[PDB]
$ cat run-v8.cif   # mmCIF, C-alpha atoms
data_coords
#
loop_
_atom_site.label_atom_id
_atom_site.label_comp_id
_atom_site.auth_asym_id
_atom_site.auth_seq_id
_atom_site.Cartn_x
_atom_site.Cartn_y
_atom_site.Cartn_z
CA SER A 31 0.00 0.00 0.00
CA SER A 32 2.72 2.38 1.11
CA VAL A 33 5.31 0.28 -0.87
CA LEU A 34 5.67 0.01 -4.66
CA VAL A 35 6.97 -3.37 -5.68
CA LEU A 36 8.55 -3.75 -9.13
CA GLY A 37 9.58 -7.08 -10.61
CA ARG A 38 9.85 -9.44 -13.51
CA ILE A 39 10.01 -13.15 -14.26
CA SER A 40 13.70 -13.91 -14.21
CA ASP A 41 16.11 -16.83 -14.56
CA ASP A 42 18.95 -14.47 -13.54
CA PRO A 43 17.98 -12.29 -10.53
CA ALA A 44 21.57 -11.08 -10.13
CA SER A 45 21.63 -9.23 -13.50
CA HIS A 46 18.01 -8.25 -13.67
CA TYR A 47 18.03 -6.60 -10.20
CA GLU A 48 20.39 -3.81 -11.34
CA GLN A 49 18.28 -3.27 -14.42
CA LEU A 50 15.21 -2.49 -12.22
CA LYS A 51 16.45 -0.49 -9.19
CA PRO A 52 17.42 2.76 -11.05
CA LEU A 53 14.01 3.27 -12.65
CA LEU A 54 12.36 2.37 -9.30
CA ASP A 55 14.34 5.10 -7.52
CA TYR A 56 13.33 7.52 -10.27
CA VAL A 57 9.63 6.51 -9.90
CA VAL A 58 9.08 6.27 -6.11
CA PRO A 59 9.67 9.99 -5.27
CA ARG A 60 7.28 10.95 -8.02
CA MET A 61 4.52 8.79 -6.47
CA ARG A 62 4.48 10.35 -2.97
CA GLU A 63 1.34 12.29 -3.84
CA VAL A 64 -0.71 9.01 -4.13
CA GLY A 65 0.59 7.23 -0.97
CA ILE A 66 3.82 5.67 -2.10
CA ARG A 67 6.69 6.27 0.30
CA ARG A 68 9.05 3.50 -0.73
CA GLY A 69 9.97 0.75 -3.18
CA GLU A 70 11.15 -2.86 -3.37
CA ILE A 71 12.27 -5.28 -6.06
CA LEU A 72 10.72 -8.74 -6.12
CA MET A 73 11.44 -11.05 -9.06
CA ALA A 74 10.19 -14.58 -9.52
CA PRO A 75 11.59 -17.71 -11.28
CA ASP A 76 8.57 -18.34 -13.50
CA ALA A 77 5.14 -17.07 -14.53
CA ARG A 78 3.29 -19.25 -11.97
CA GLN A 79 5.16 -17.88 -8.94
CA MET A 80 4.98 -14.32 -10.30
CA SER A 81 1.29 -14.79 -10.84
CA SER A 82 0.87 -15.89 -7.17
CA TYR A 83 2.83 -12.83 -6.05
CA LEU A 84 0.67 -10.55 -8.13
CA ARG A 85 -2.65 -12.00 -6.73
CA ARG A 86 -1.31 -11.97 -3.18
CA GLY A 87 -0.25 -8.30 -3.57
CA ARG A 88 3.47 -8.97 -3.12
CA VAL A 89 4.28 -7.50 -6.51
CA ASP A 90 2.58 -4.44 -8.10
CA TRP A 91 4.28 -3.74 -11.39
CA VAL A 92 6.25 -5.87 -13.87
CA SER A 93 7.95 -5.12 -17.19
CA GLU A 94 7.63 -8.11 -19.52
CA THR A 95 7.80 -9.25 -23.07
CA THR A 96 4.32 -9.60 -24.36
CA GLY A 97 4.03 -13.43 -24.39
CA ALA A 98 5.12 -13.60 -20.74
CA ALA A 99 2.80 -10.73 -19.92
CA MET A 100 -0.17 -12.68 -21.38
CA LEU A 101 0.79 -15.69 -19.23
CA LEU A 102 0.27 -13.39 -16.27
CA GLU A 103 -2.99 -11.87 -17.60
CA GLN A 104 -4.46 -15.33 -18.33
CA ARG A 105 -4.15 -16.35 -14.71
CA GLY A 106 -6.31 -13.36 -13.65
CA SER A 107 -3.39 -11.74 -11.89
CA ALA A 108 -2.46 -8.57 -13.91
CA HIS A 109 -3.43 -6.21 -16.76
CA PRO A 110 -1.54 -3.91 -19.21
CA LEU A 111 -0.57 -0.34 -18.15
CA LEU A 112 1.48 0.86 -21.14
CA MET A 113 3.06 -0.64 -24.22
CA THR A 114 6.82 -0.54 -23.93
CA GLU A 115 9.47 0.07 -26.59
CA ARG A 116 13.05 -1.28 -26.24
CA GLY A 117 16.21 -0.45 -28.22
CA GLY A 118 14.09 1.86 -30.38
CA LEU A 119 11.75 -1.05 -31.30
CA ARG A 120 8.03 -1.42 -30.74
CA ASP A 121 7.95 -4.98 -32.16
CA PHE A 122 10.06 -8.05 -32.42
CA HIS A 123 9.84 -11.53 -33.81
CA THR A 124 11.27 -15.04 -33.59
CA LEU A 125 13.61 -16.65 -36.06
CA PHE A 126 14.65 -20.26 -36.47
CA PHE A 127 18.26 -20.93 -37.38
CA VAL A 128 20.42 -23.92 -38.31
CA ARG A 129 24.00 -24.63 -39.17
CA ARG A 130 24.71 -23.75 -42.83
CA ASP A 131 25.83 -27.36 -43.50
CA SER A 132 22.42 -28.62 -42.21
CA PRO A 133 19.96 -30.23 -44.66
CA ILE A 134 17.26 -27.98 -43.16
CA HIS A 135 16.00 -25.16 -45.39
CA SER A 136 12.46 -24.47 -44.15
CA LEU A 137 10.28 -24.78 -41.06
CA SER A 138 8.52 -27.79 -42.59
CA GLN A 139 11.86 -29.70 -42.44
CA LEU A 140 12.07 -29.49 -38.61
CA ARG A 141 10.24 -32.84 -38.85
CA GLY A 142 12.73 -35.52 -37.73
CA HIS A 143 14.92 -32.97 -36.01
CA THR A 144 15.53 -31.23 -32.65
CA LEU A 145 14.84 -27.64 -31.53
CA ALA A 146 16.61 -25.65 -28.76
CA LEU A 147 14.27 -23.51 -26.69
CA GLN A 148 14.78 -21.28 -23.71
CA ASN A 149 12.30 -21.56 -20.83
CA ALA A 150 8.52 -21.63 -20.50
CA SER A 151 8.24 -17.88 -19.79
CA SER A 152 10.25 -16.72 -22.90
CA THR A 153 8.19 -14.90 -25.51
CA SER A 154 10.78 -15.13 -28.33
CA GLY A 155 12.50 -18.34 -27.22
CA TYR A 156 9.52 -20.56 -26.38
CA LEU A 157 5.98 -19.19 -26.73
CA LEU A 158 6.29 -17.74 -30.25
CA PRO A 159 8.25 -20.64 -31.76
CA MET A 160 5.88 -23.22 -30.25
CA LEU A 161 2.95 -21.20 -31.59
CA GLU A 162 4.55 -21.16 -35.03
CA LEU A 163 4.87 -24.94 -34.98
CA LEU A 164 1.21 -25.27 -34.04
CA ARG A 165 0.13 -23.04 -36.94
CA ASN A 166 2.07 -25.16 -39.38
CA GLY A 167 0.82 -28.47 -37.91
CA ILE A 168 4.31 -29.53 -36.95
CA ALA A 169 4.17 -31.88 -33.97
CA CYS A 170 6.88 -30.99 -31.44
CA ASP A 171 7.27 -33.47 -28.54
CA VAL A 172 9.35 -32.64 -25.46
CA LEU A 173 12.67 -34.55 -25.54
CA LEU A 174 14.12 -35.67 -22.22
CA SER A 175 17.83 -35.38 -23.07
CA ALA A 176 20.15 -34.54 -25.94
CA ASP A 177 20.35 -38.35 -26.57
CA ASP A 178 16.60 -38.54 -27.04
CA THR A 179 15.33 -38.26 -30.65
CA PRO A 180 11.96 -37.14 -32.04
CA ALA A 181 9.45 -39.38 -33.74
CA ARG A 182 10.03 -39.71 -37.44
CA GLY A 183 7.43 -37.19 -38.57
CA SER A 184 7.60 -34.82 -35.62
CA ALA A 185 9.98 -32.23 -34.25
CA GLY A 186 11.24 -32.52 -30.68
CA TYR A 187 12.41 -29.71 -28.40
CA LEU A 188 15.07 -29.49 -25.68
CA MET A 189 15.09 -26.81 -22.97
CA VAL A 190 18.57 -25.31 -22.75
CA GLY A 191 17.80 -22.24 -20.60
CA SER A 192 19.99 -19.38 -21.74
CA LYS A 193 19.94 -17.53 -25.02
CA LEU A 194 23.69 -18.30 -25.30
CA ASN A 195 22.99 -21.98 -24.81
CA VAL A 196 20.56 -21.94 -27.74
CA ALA A 197 23.34 -20.61 -29.98
CA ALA A 198 26.05 -22.81 -28.45
CA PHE A 199 24.05 -26.09 -28.56
CA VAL A 200 23.21 -25.57 -32.23
CA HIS A 201 26.72 -24.40 -33.13
CA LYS A 202 28.28 -27.44 -31.57
CA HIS A 203 26.06 -29.95 -33.51
CA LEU A 204 24.25 -30.96 -30.30
CA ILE A 205 20.78 -29.78 -31.48
CA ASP A 206 19.64 -29.14 -35.07
CA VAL A 207 17.62 -25.89 -34.75
CA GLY A 208 17.49 -22.90 -32.47
CA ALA A 209 14.91 -20.19 -31.75
CA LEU A 210 15.88 -16.63 -30.84
CA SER A 211 14.44 -13.14 -31.34
CA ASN A 212 15.56 -10.91 -34.24
CA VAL A 213 17.05 -8.60 -31.55
CA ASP A 214 18.90 -11.54 -30.02
CA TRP A 215 20.42 -12.28 -33.45
CA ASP A 216 22.29 -8.98 -33.75
CA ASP A 217 23.27 -9.07 -30.01
CA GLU A 218 26.82 -10.34 -29.63
CA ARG A 219 26.65 -11.70 -26.03
CA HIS A 220 23.89 -14.17 -27.03
CA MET A 221 24.77 -14.70 -30.70
CA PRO A 222 28.61 -14.61 -30.79
CA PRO A 223 29.86 -13.82 -34.33
CA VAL A 224 32.01 -16.96 -34.14
CA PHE A 225 28.73 -18.99 -34.05
CA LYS A 226 26.61 -16.67 -36.24
CA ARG A 227 28.91 -17.05 -39.25
CA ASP A 228 28.07 -20.80 -39.17
CA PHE A 229 24.28 -20.21 -39.05
CA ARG A 230 21.60 -19.62 -41.62
CA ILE A 231 18.03 -18.42 -40.93
CA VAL A 232 15.33 -20.83 -42.08
CA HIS A 233 12.04 -19.22 -40.76
CA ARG A 234 10.58 -15.99 -39.33
CA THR A 235 7.41 -15.51 -37.33
CA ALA A 236 5.02 -12.56 -37.56
CA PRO A 237 5.93 -9.78 -35.19
CA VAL A 238 4.39 -9.03 -31.81
CA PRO A 239 4.73 -6.00 -29.63
CA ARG A 240 8.13 -5.96 -27.93
CA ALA A 241 7.08 -5.50 -24.25
CA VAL A 242 4.42 -4.17 -21.88
CA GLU A 243 4.19 -2.78 -18.34
CA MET A 244 1.66 -4.85 -16.39
CA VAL A 245 0.16 -3.96 -13.00
CA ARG A 246 -1.49 -6.16 -10.48
CA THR A 247 -5.27 -6.56 -10.56
CA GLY A 248 -6.56 -4.76 -7.42
CA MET A 249 -4.01 -1.94 -7.64
CA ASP A 250 -5.62 1.24 -6.33
CA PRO A 251 -6.71 3.31 -9.41
CA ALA A 252 -4.93 6.58 -8.41
CA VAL A 253 -1.71 4.62 -7.95
CA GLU A 254 -2.23 3.00 -11.35
CA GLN A 255 -3.11 6.31 -13.06
CA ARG A 256 -0.10 8.04 -11.53
CA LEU A 257 2.39 5.25 -12.33
CA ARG A 258 1.11 5.59 -15.92
CA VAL A 259 1.67 9.36 -15.93
CA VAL A 260 5.15 9.04 -14.33
CA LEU A 261 6.38 6.48 -16.85
CA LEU A 262 4.81 8.28 -19.85
CA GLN A 263 6.80 11.44 -19.03
CA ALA A 264 9.99 9.56 -18.14
CA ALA A 265 11.20 9.10 -21.77
CA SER A 266 11.39 12.86 -22.28
CA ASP A 267 12.91 13.59 -18.82
CA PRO A 268 16.69 14.01 -18.75
CA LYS A 269 16.73 12.83 -15.12
CA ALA A 270 15.26 9.42 -16.27
CA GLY A 271 17.71 8.79 -19.15
CA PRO A 272 20.22 6.60 -17.37
CA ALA A 273 17.55 4.60 -15.58
CA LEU A 274 15.68 3.88 -18.81
CA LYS A 275 18.93 2.70 -20.42
CA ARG A 276 19.36 0.35 -17.46
CA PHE A 277 15.71 -0.78 -17.66
CA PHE A 278 16.34 -3.19 -20.57
CA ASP A 279 17.20 -0.19 -22.82
CA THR A 280 13.66 1.15 -22.77
CA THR A 281 13.25 4.02 -25.22
CA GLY A 282 9.53 4.65 -24.95
CA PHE A 283 6.21 3.90 -23.30
CA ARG A 284 2.86 4.59 -24.86
CA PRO A 285 -0.77 4.20 -23.92
CA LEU A 286 -2.81 1.30 -25.14
CA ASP A 287 -4.91 1.80 -28.30
CA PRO A 288 -7.32 -0.34 -30.26
CA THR A 289 -4.46 -1.92 -32.28
CA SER A 290 -2.15 -2.89 -29.40
CA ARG A 291 -5.23 -4.10 -27.51
CA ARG A 292 -6.22 -6.33 -30.46
CA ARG A 293 -2.73 -7.63 -31.03
CA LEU A 294 -2.39 -8.64 -27.34
CA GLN A 295 -5.77 -10.44 -27.63
CA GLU A 296 -4.43 -12.35 -30.65
CA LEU A 297 -1.11 -13.10 -28.92
CA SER A 298 -3.01 -14.16 -25.78
CA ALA A 299 -5.14 -16.52 -27.89
CA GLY A 300 -1.90 -18.05 -29.29
CA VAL A 301 -0.22 -18.30 -25.91
CA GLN A 302 -3.28 -20.11 -24.48
CA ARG A 303 -3.18 -22.49 -27.43
CA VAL A 304 0.52 -23.14 -26.71
CA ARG A 305 -0.43 -23.81 -23.11
CA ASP A 306 -3.42 -25.95 -24.03
CA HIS A 307 -1.11 -28.26 -26.04
CA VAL A 308 2.04 -28.32 -23.77
#

$ encode --input "run-v8.cif" --output "structure tokens"
Amino acid sequence: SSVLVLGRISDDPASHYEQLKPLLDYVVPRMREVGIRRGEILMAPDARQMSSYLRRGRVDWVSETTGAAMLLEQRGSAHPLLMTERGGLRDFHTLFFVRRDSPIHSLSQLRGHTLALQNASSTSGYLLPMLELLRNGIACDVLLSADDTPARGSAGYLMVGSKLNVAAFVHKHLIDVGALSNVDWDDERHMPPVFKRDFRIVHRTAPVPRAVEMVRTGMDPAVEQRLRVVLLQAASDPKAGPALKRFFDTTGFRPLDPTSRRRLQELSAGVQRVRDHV
């Protein structure tokens, strides 16, 4: 009530912490006029724990990619505050990549082969590629280990965790295909040029909005309204520049409109379909 709790779903609380605190310290002062005296960070390992936190009022505000955000909205636990823009981009998309020497030239040829995915909360590294497979009728069974092979006829996926692991498992001939975002592709820490030069892109998904600020359901409306106003004016405030750079390189927030509302409804439909089948 008197505390504002910011978080996100995170498999790396050590890095993500420092990405959240600066913006929080910018925001908290500017909320005094609606009750807020202080702030805390509270991350969670997955969507299900974050969702519990949200419903129990232990977290108030999260910044998420849009697939992950819909996982939270589906469980009744949060709703969108603003659309968020990162690295100058409103949208992003997933691409599937193989080694150049691979026989694979199209999504349809994932059949008989393995796919590296990230973790169940990743928009670009799990939700969107699984959705893509569903749309194309490509069965994709979970594989238990890198020794396990798919059915002849189906793809199979292996959860490798990190973005770097997706690149490194495929580079080293351990798994046939990898899924990463288009942003991830041009980012050298997750797609090292030494691996990239040995990869070829074989499929692209349709884009989705890049990210969204979500707030817990039950948030007091004047707190909600004011958090919205504080973030909206942050992009243009010099005093917020460093914090926004730290906050996953956020370069803009904007209100919701009929388009972004529709596109999240579509993406939520797809996410639910991924969840219905996995």

$ resolve_selection --input "run-v8.cif" --expression "the PyMOL selection byres ((chain A and resi 302) around 12)" --output "list in words"
residues 97, 98, 100, 101, 102, 103, 104, 105, 157, 158, 160, 161, 164, 294, 295, 296, 297, 298, 299, 300, 301, 303, 304, 305, 306, 307 and 308 of chain A

$ atom_distance --input "run-v8.cif" --atom1 "atom CA of residue 128 of chain A" --atom2 "atom CA of residue 200 of chain A"
6.9 Å

$ residues_around --input "run-v8.cif" --residues "residue 269 of chain A" --least-positions-apart "2" --cutoff "12 Å" --atoms "all atoms listed in the file" --output "PyMOL selection string"
chain A and resi 52-53+55-57+60+263-267+271-275

$ closest_residue --input "run-v8.cif" --among "A:225, A:116, A:124, A:257" --to "residue 35 of chain A" --atoms "all atoms listed in the file"
A:257

$ atom_distance --input "run-v8.cif" --atom1 "atom CA of residue 224 of chain A" --atom2 "atom CA of residue 195 of chain A"
13.9 Å

$ residues_near_point --input "run-v8.cif" --point "(15.9, -26.7, -31.1)" --cutoff "7 Å" --atoms "only C-alpha atoms" --output "number ranges by chain"
A: 144-147, 187-188, 205-209

$ write_last_selection --input "run-v8.cif" --atoms "C-alpha atoms" --output "PDB file, in the coordinates of the input"
ATOM      1  CA  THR A 144      15.530 -31.230 -32.650  1.00  0.00           C
ATOM      2  CA  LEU A 145      14.840 -27.640 -31.530  1.00  0.00           C
ATOM      3  CA  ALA A 146      16.610 -25.650 -28.760  1.00  0.00           C
ATOM      4  CA  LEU A 147      14.270 -23.510 -26.690  1.00  0.00           C
ATOM      5  CA  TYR A 187      12.410 -29.710 -28.400  1.00  0.00           C
ATOM      6  CA  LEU A 188      15.070 -29.490 -25.680  1.00  0.00           C
ATOM      7  CA  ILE A 205      20.780 -29.780 -31.480  1.00  0.00           C
ATOM      8  CA  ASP A 206      19.640 -29.140 -35.070  1.00  0.00           C
ATOM      9  CA  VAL A 207      17.620 -25.890 -34.750  1.00  0.00           C
ATOM     10  CA  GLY A 208      17.490 -22.900 -32.470  1.00  0.00           C
ATOM     11  CA  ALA A 209      14.910 -20.190 -31.750  1.00  0.00           C
TER      12      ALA A 209
END

$ closest_residue --input "run-v8.cif" --among "A:86, A:165, A:120, A:193" --to "residue 138 of chain A" --atoms "only C-alpha atoms"
A:165

$ build_atoms --input "run-v8.cif" --residues "segment 203-229 of chain A" --atoms "N, CA and C atoms" --output "short mmCIF file (atom, residue, chain, number, x, y, z; two decimals), in the coordinates of the input"
data_model
loop_
_atom_site.label_atom_id
_atom_site.label_comp_id
_atom_site.auth_asym_id
_atom_site.auth_seq_id
_atom_site.Cartn_x
_atom_site.Cartn_y
_atom_site.Cartn_z
N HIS A 203 26.67 -28.72 -32.95
CA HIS A 203 26.06 -29.95 -33.51
C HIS A 203 25.31 -30.81 -32.48
N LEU A 204 24.98 -30.25 -31.33
CA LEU A 204 24.25 -30.96 -30.30
C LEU A 204 22.75 -30.97 -30.54
N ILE A 205 22.22 -29.91 -31.17
CA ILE A 205 20.78 -29.78 -31.48
C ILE A 205 20.70 -29.12 -32.86
N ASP A 206 19.72 -29.53 -33.67
CA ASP A 206 19.64 -29.14 -35.07
C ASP A 206 19.23 -27.68 -35.26
N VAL A 207 18.24 -27.21 -34.50
CA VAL A 207 17.62 -25.89 -34.75
C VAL A 207 17.49 -25.13 -33.48
N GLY A 208 17.63 -23.81 -33.59
CA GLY A 208 17.49 -22.90 -32.47
C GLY A 208 16.47 -21.83 -32.77
N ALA A 209 15.84 -21.32 -31.70
CA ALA A 209 14.91 -20.19 -31.75
C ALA A 209 15.44 -19.06 -30.89
N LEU A 210 15.54 -17.89 -31.51
CA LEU A 210 15.88 -16.63 -30.84
C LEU A 210 15.11 -15.49 -31.48
N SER A 211 15.04 -14.36 -30.77
CA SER A 211 14.44 -13.14 -31.34
C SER A 211 15.35 -12.49 -32.41
N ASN A 212 14.75 -11.69 -33.28
CA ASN A 212 15.56 -10.91 -34.24
C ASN A 212 16.56 -9.94 -33.56
N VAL A 213 16.20 -9.46 -32.37
CA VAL A 213 17.05 -8.60 -31.55
C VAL A 213 18.22 -9.39 -31.00
N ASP A 214 17.90 -10.59 -30.50
CA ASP A 214 18.90 -11.54 -30.02
C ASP A 214 19.95 -11.87 -31.05
N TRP A 215 19.55 -11.91 -32.32
CA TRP A 215 20.42 -12.28 -33.45
C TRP A 215 21.58 -11.33 -33.68
N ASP A 216 21.28 -10.03 -33.59
CA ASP A 216 22.29 -8.98 -33.75
C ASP A 216 22.94 -8.60 -32.42
N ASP A 217 22.66 -9.33 -31.33
CA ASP A 217 23.27 -9.07 -30.01
C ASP A 217 24.40 -10.06 -29.75
N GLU A 218 25.61 -9.52 -29.66
CA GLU A 218 26.82 -10.34 -29.63
C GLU A 218 27.05 -11.23 -28.39
N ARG A 219 26.53 -10.84 -27.23
CA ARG A 219 26.65 -11.70 -26.03
C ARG A 219 25.84 -13.00 -26.16
N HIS A 220 24.70 -12.95 -26.83
CA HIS A 220 23.89 -14.17 -27.03
C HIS A 220 24.05 -14.86 -28.37
N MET A 221 24.44 -14.12 -29.40
CA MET A 221 24.77 -14.70 -30.70
C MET A 221 26.18 -14.27 -31.09
N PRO A 222 27.20 -14.91 -30.48
CA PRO A 222 28.61 -14.61 -30.79
C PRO A 222 28.87 -14.77 -32.27
N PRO A 223 29.50 -13.77 -32.91
CA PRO A 223 29.86 -13.82 -34.33
C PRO A 223 30.56 -15.09 -34.78
N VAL A 224 31.41 -15.64 -33.92
CA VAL A 224 32.01 -16.96 -34.14
C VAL A 224 31.01 -18.12 -34.37
N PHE A 225 29.83 -18.06 -33.74
CA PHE A 225 28.73 -18.99 -34.05
C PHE A 225 27.88 -18.54 -35.23
N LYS A 226 27.44 -17.29 -35.18
CA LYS A 226 26.61 -16.67 -36.24
C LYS A 226 27.06 -16.94 -37.67
N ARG A 227 28.36 -16.80 -37.93
CA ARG A 227 28.91 -17.05 -39.25
C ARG A 227 28.64 -18.46 -39.73
N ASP A 228 28.44 -19.41 -38.80
CA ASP A 228 28.07 -20.80 -39.17
C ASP A 228 26.55 -21.11 -39.22
N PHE A 229 25.72 -20.08 -39.02
CA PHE A 229 24.28 -20.21 -39.05
C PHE A 229 23.61 -19.56 -40.24
#
